Amino acid sequence: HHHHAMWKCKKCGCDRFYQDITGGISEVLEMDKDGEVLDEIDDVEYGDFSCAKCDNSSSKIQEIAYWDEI
Amino acid sequence: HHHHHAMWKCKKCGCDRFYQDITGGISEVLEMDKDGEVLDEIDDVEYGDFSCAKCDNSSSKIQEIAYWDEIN
Ligand SMILES: [Zn+2]
Ligand SMILES: [Zn+2]
């Protein structure tokens with residue numbers, strides 16, 4: 001289910017991509033007297049993909065990248 | 001462990017359950033499918049302001065919206 005292939009930036013050839021976290025919410029389950037969250041349940045919203053080398057970004061990886069099979 | 005030392009309580013509600021906003025950070029995709037779906041990811045979330053789960057009393061500091069009770 002892995003190592004089947006790889007996406008590559010259509011502009012620079014990088015195969016390592018980011019995904020912006022747009023927002024979300026944390027359900028704090030435990031905190032300490034000093035005020036630090038120790039246990040939580042996050043529900044992050046994911047956003048546009050980006051290229052680690054050139055920053056080519058879009059909502060869909062397809063526009064910014066191609067699938068190179070191994 | 002500090003996991004039962006006590007509880008924070010809203011200075012308006014008395015509620016002990018708080019949220020923390022996610023201002024948003026960056027994720028690091030490590031495995032994506034031919035369909036374009038993320039499998040493995042390393043998220044670097046940036047957290048924001050606490051908000052009471054009832055009041056909505058909110059601040060960047062839990063100490064401004066709540067007080068620490070003590071289980072003793
Ligand atoms: Zn690129
Ligand atoms: Zn409250």
Side-chain angles (χ1 to χ4, degrees), chain A residues 1-32 34-35 37-52 54-59 61-70, chain B residues 1 3-4 6-11 13 15-30 32-33 35-36 38-53 55-72:
Chain A
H1 46 112
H2 299 296
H3 257 231
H4 172 202
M6 48 191 294
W7 297 95
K8 274 174 127 152
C9 180
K10 290 161 150 187
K11 297 203 205 155
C12 88
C14 178
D15 39 350
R16 248 59 201 292
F17 292 79
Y18 295 135
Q19 189 165 16
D20 184 22
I21 310 93
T22 40
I25 198 78
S26 169
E27 294 185 349
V28 181
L29 296 175
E30 197 58 358
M31 306 193 54
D32 77 21
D34 298 5
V37 47
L38 275 35
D39 177 323
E40 31 186 309
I41 288 192
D42 297 344
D43 185 85
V44 316
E45 270 169 2
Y46 292 122
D48 280 353
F49 297 105
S50 147
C51 172
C54 81
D55 207 0
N56 180 220
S57 36
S58 168
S59 100
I61 185 73
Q62 291 88 234
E63 148 177 339
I64 47 148
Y66 68 75
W67 185 241
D68 178 343
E69 217 154 53
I70 307 153
Chain B
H1 220 284
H3 265 223
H4 202 85
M7 35 180 188
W8 291 91
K9 282 164 110 92
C10 183
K11 306 182 187 189
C13 282
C15 182
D16 60 321
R17 304 299 174 80
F18 298 85
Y19 299 132
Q20 198 176 14
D21 195 63
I22 308 206
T23 37
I26 194 95
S27 147
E28 308 170 20
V29 178
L30 318 91
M32 216 176 342
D33 171 358
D35 270 38
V38 179
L39 289 40
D40 184 14
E41 57 215 326
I42 291 167
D43 307 19
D44 196 55
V45 302
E46 254 284 333
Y47 295 101
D49 293 17
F50 297 99
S51 303
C52 174
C55 277
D56 200 26
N57 190 36
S58 301
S59 182
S60 53
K61 317 257 82 192
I62 192 63
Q63 304 91 0
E64 178 109 321
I65 54 142
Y67 68 87
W68 177 255
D69 228 337
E70 181 74 24
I71 278 162
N72 297 282

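FYI, side chains are in, hydrogens and waters are out, and symmetry mates aren't considered; it's all heavy atoms of this structure. To find a chain, count down the sequence lines: A is the first, B the second, and so on, and within it residues start at 1.
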- Sort out for me which of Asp43(A), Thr22(A), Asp42(A) touches chain B most, counting heavy-atom pairs under 4.5 Å. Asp42(A)

- Query: Mind checking what makes side chain to side chain contact (heavy atoms under 4.5 Å, CB included) contact with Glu64(B), not counting sequence neighbours?
  - Reply: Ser59(B), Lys61(B)

- Message: Nearest 0.5 angstrom please: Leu29(A) CG to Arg17(B) CZ, how far?
- Response: 7.5 Å

- Item | Nearest-0.5 Å distance that lies between atom OH in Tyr47(B) and atom CD in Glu40(A) | 3.5 Å

- Query: Is there a donor-acceptor pair under 3.5 Å between the side chain of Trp8(B) and the backbone N or O of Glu30(A)?
  - Reply: no

- Task: Answer yes or no: is there a side-chain heavy-atom contact under 4.5 Å between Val38(B) and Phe49(A)?
- Result: yes

- Item | Rounded distance [0.5 Å steps], CD1 in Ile42(B) versus CD in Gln19(A) | 13.5 Å

- Measure the spacing between CE of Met6(A) and CE of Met32(B) and express it to the nearest 0.5 Å. 10.5 Å

- Mind listing the closest non-hydrogen atom pair of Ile22(B) and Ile25(A) along with its distance? CG1-N, 3.3 Å

- How far apart are the closest heavy atoms of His1(A) and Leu39(B), and which atoms are they? O-CD2, 4.1 Å

- Taking all non-hydrogen atoms of both residues into account, name the closest pair between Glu27(A) and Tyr19(B) and its distance. CG-CE2, 3.8 Å

